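J.: what's the 3D shape of this:
(4 chains, ligands or ions: 2)
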Amino acid sequence: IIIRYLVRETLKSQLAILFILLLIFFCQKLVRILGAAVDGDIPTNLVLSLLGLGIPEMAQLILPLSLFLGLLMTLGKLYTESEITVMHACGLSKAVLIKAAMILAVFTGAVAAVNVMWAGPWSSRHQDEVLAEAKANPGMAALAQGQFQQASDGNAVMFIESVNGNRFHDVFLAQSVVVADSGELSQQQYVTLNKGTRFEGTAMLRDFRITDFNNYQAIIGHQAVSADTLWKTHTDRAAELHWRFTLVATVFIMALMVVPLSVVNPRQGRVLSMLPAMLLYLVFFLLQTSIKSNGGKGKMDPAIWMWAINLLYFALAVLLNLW
Amino acid sequence: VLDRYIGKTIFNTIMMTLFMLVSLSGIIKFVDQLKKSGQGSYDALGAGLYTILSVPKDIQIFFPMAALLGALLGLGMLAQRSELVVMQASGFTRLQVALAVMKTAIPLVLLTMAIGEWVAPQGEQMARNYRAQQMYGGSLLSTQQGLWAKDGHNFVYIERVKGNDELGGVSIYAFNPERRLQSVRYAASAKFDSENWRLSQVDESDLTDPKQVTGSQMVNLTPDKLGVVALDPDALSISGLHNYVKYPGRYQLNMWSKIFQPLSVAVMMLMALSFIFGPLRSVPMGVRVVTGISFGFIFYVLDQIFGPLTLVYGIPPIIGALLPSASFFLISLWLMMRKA
Amino acid sequence: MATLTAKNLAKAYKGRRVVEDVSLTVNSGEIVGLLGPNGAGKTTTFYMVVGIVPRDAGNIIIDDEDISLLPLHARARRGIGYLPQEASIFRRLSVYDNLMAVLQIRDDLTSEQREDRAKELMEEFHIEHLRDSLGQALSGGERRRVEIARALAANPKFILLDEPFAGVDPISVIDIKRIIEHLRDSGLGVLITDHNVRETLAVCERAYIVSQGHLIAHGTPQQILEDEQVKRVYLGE
Amino acid sequence: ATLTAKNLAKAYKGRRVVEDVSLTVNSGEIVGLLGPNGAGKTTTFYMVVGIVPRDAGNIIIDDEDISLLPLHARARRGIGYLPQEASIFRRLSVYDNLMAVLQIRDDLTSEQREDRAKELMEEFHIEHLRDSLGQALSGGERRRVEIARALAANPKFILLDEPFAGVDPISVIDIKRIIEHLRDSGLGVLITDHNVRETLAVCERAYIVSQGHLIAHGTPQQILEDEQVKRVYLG
Ligand SMILES: [Pt+2]
Ligand SMILES: [Pt+2]
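T.: Numbering: from 1, shown residues only, chains lettered A, B, ... in the order given. Ligands and ions are numbered 1, 2, ... in the order given. Shown next is the structure:
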């Protein structure tokens, strides 16, 4: 029942550092969502909902890391207190802590499985969406203000120089131009621009449209839809399920790998001894993300380098455990 | 004799952390380089964004982080070895220690402004200009994108911009004081000659009156390189940003967010003292490094998140940069006034 | 009646000869000490006998069987007990819990006989009142008796003790020296490596003294104090 | 000179580690503050040093009050705290390590201070370790550099924290002789080490505190024969 003590400690650490890792990841996810709010010219209404949209995408790295580092901290802190070396002084096996890690690795591997079969594709469904009613239909929430607004593909581009939304300027639009002074907008949706001029004279012989001070409207607000290789009996394989299943495989590889990476080095430097064990995870995850480049999903299938290093690393995970 | 000992021990560990943190982002900004490799180079761009892009890593990101973790861990080993209590048991003041930590600050903030204004946009721009072997994008290169402009109240569109100083397209919309088109110009290549932008094959289609449809086919304050901003990077010189500021505020944040860097480096060192004299209670290297690594990120957050988060009220960049970087010091002065 | 013997033992770290040719013996129901200068021989040669520090030369024997291969791992199965100086009590484990959780590791005992051995260990060391109380919530002497009782819950002889006299309180050492003799009374071997020779040689029957690596003194403590060469490098009375 | 302490008291979580203790130590007289683990002895020593703040105490030197003054202030007066471990300034030469303390000393002239460094070198037999750093020094040769470096601060009282910290009986006689060498000069040493046999081998008088209150005081023989300490400490 000494296993029950070992798993009680990892629940105290993993389920606490998981909360801490959520916050670090949340911040970096908030950086890029803030980055797109200025440079990418994306609305502010979907900022907080996109933060929540990426939490099952974030969990891909926090879940195999929390079980890895939680185990690294606990075994390390129990090693220092001499509890780990006294567990072995009174009989026991090195497999006691491997058993304890693997018995709590199934708990996390199951949550990683929900984050793959259910949570994984749900985010992908709303990431293809990016909220169509807000992306394809830019309204008052879009607000150009002193800068351009590139839309569609190079042609559509609005340019405003407004006070609040009562006295606009420049307009432009292009899609071969249209420049207006005063203007207003009120969604349900019409661009009631007062003084202005129109144009569409491409050549010296080609036609050209013109306008003046009238309250133009053009009631437009077309709510665009989603458009506007998997299992396979045979041992198909390889198209991103090489990664989608590897992030659940990582829950069990790091659990076995770090057990003797926390009880053989902290005699030297309490936290400097965590550095070699941690560095290994980094290179591993840096290469798995790098293998996910030579033709990703669907048609182009990735060559077995992802599962090749997953076994080369499992060979490394058993190597130190036999010592 | 002891003054230079504190100054050395703290300084060298800041250089240890600077080379420690930048190398990790350096090995990372090389694996993403092999993610985007096979367009015309692999080793050329591999080192073209590694040795070249190494300099803008420090000043802009990992200088205040090393000015904290390194400064804190520099005193943390002195406290662990218990040399710090000996200095006191000799007669060397708490303030004498703080003096030597801040004495190494000024020659270290000098280093930030020098390779932050001169060598940082150098290693930044030249790393992006070396991205010529790899096509599809901005800079002096162009593929499937249309370069836009504004020359006061005027407007310009370029179909494709090339390094040959020629612009394949061009369409100046010369506007009048009431914003009414007077030219729909088109050039096969409108080149540049010393002061003027050469107007090759002019098509000044006047519309000074609504009836006025004059079509004059023949052959102002148009910016040359002062207009070439590329994929809108902001990561360039304080000088290079200031001139552009006169030419709506995302660039204005970075010209202040680049001048807070020297003070932040000094503030982090003031906070390393606020922590080495505050939470001391024989705490091990582990607890000293976890708060050393956390307070760097806490302060990364106030810059990368709270910095752009000033877009909300549209509160001036001074309050968005020179103040969330001063909030760091406000905790520092609090720590030093509570314990002492 | 079991025997623990170390023959021709030696070790060198990176290049420096930590311990050279040295041999020792410890039989059941006695107190055997392992002293000498700081780092020179003792402690460094003690962990080789325990099984932590690796063996370079020689052999270690238990119950007339070879164990020089066997590390800290399964040395405790026949008759190896180890009590480190450091507070190695199980923090979030109750007195009855941490005692039994290490006793159920030993398969050579009945499911309810482990409870009968626990309540026996509760009376032998007087920990009955602490049965429910959690670890690390015990005093120096309280934690000490829990560590001894817990390590004994595997029936091991030759109880190897690293610096048993940590809290040098002249009143506290008397009771610690008395329970060490109780381990001798129960017919179990006792190995000690503590710095303080004044309290170790006070309980020892025969103590080994190792300097520079090579064994120099062995036998009754009266023969040690009278020895001239041991005065030249360690005592000097 | 003299060093006094009157009605010294400190509380932690209401535990009260010290409850009314009074000890005096004169220049030349080498006293020893002893007693059980954490009973008072430990904190009382550091309260006198200035690490632990008095809650009801009174730290007086010859006549001058210091119970409010910190460690860096008391040191400039004539206090010399010496820790149990090394702290010899690893990344500093022995001569420069000695000079770094003398740098602070304003009572010594530009040359007269360099002369004290040479004086301490020949005193503590460390002239052979002049240009040597400090990263590696033998137990005996290291400790004499620490005391020399401490002496560079012109002391009146030297508070030696655990001076017999894992020292073998062959080396205790040499470490004991340093205390006897300092005793010969106008210094009042205060020892607090756990090995009572060696602390009472040097000390003239000794104060012994239990649960926070002083219980025994006097010469070693007066302590050994005392009925109270023979049951709570000595055995
Ligand atoms: Pt450290
Ligand atoms: Pt006295």
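
J.: which residue sits closest to the residue in chain B positioned nearest to chain A, ignoring its sequence neighbours?
T.: Residue nearest to chain A within chain B: residue B:248 (3.7 Å; Cβ to the nearest Cβ). (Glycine included, C-beta is placed from N, CA and C.) Leaving aside its chain neighbours, residue B:248 sits nearest to residue A:146 (3.7 Å; criterion: Cβ to Cβ, 6 or more residues apart in numbering or on different chains).

J.: got a list of what the residue of chain B closest to chain A touches?
T.: Residue B:248 makes contact with A:145-147, according to Cβ atoms under 8 Å, 6 or more residues apart in numbering or on different chains.

J.: Give me the phi and psi for residue C:87.
T.: phi -60, psi 90 (degrees, to the nearest 10).

J.: quick one on the thing from earlier: out of the contacts of residue B:248, which end up buried?
T.: Burial by neighbour count, judged by 16 or more other Cβ atoms under 10 Å in any protein chain shown, picks out residue A:147 from the contacts of residue B:248.

J.: Is residue C:109 within a helix or a strand, and which one?
T.: Assigned by DSSP states H and E, residue C:109 belongs to no helix or strand.

J.: isn't it right up against residue C:117?
T.: Yes. Counting by Cβ atoms under 8 Å, residue C:109 touches residue C:117, with 6.7 Å between them.

J.: So which residue is dead centre in the chain?
T.: You didn't say which chain, so I picked chain A. Closest to where the C-alpha atoms of chain A average out (Cα atoms, centre = their mean) is residue A:57, at 4.3 Å.

J.: meant chain B actually
T.: Central residue of chain B (Cα atoms, centre = their mean): residue B:235, at 3.9 Å.

J.: Please name the residues that touch it.
T.: B:56, B:60, B:121, B:124, B:254.

J.: Now it: phi and psi?
T.: According to degrees, to the nearest 10, residue B:235 has phi -80, psi 90.

J.: Checking residue 154 next. Helix, strand or coil?
T.: Unless you meant another one, I'm taking chain A. coil (DSSP: H, G, I helix; E, B strand; the rest coil).

J.: follow-up on the earlier one: what does the residue nearest to residue B:248 show for phi and psi?
T.: Main-chain torsions, residue A:146, degrees, to the nearest 10: phi 60, psi 10.

J.: And residue C:21, by the same measure?
T.: phi -40, psi 110.

J.: try the one 5 residues further on
T.: The phi and psi values for residue C:26, taken as degrees, to the nearest 10, are phi -150, psi 120.

J.: Return the residues of chain A in contact with chain B.
T.: A:24, A:27, A:30-31, A:34-35, A:37-39, A:145-148, A:153-154, A:157, A:159, A:169-170, A:172, A:174, A:177, A:179, A:181, A:197, A:199, A:201, A:204, A:208, A:210, A:212, A:269-272, A:286-287, A:289-290, A:293 (Cβ under 8 Å from any Cβ of the partner chain).

J.: out of the contacts of residue B:235, which are buried?
T.: B:56, B:60, B:121, B:124, B:254.

J.: what about the residue nearest to the fourth one when sequence neighbours are not counted, which SS state?
T.: Spelled out, it's residue B:124. The shortest distance from residue B:124 to any non-neighbouring residue, by Cβ to Cβ, 6+ apart, is to residue B:56 (4.5 Å). Three-state call for residue B:56 (three-state DSSP): helix.

J.: what sits against residue B:56?
T.: With Cβ under 8 Å, 6+ apart, residue B:56 has these contacts: B:120-121, B:123-124, B:235.
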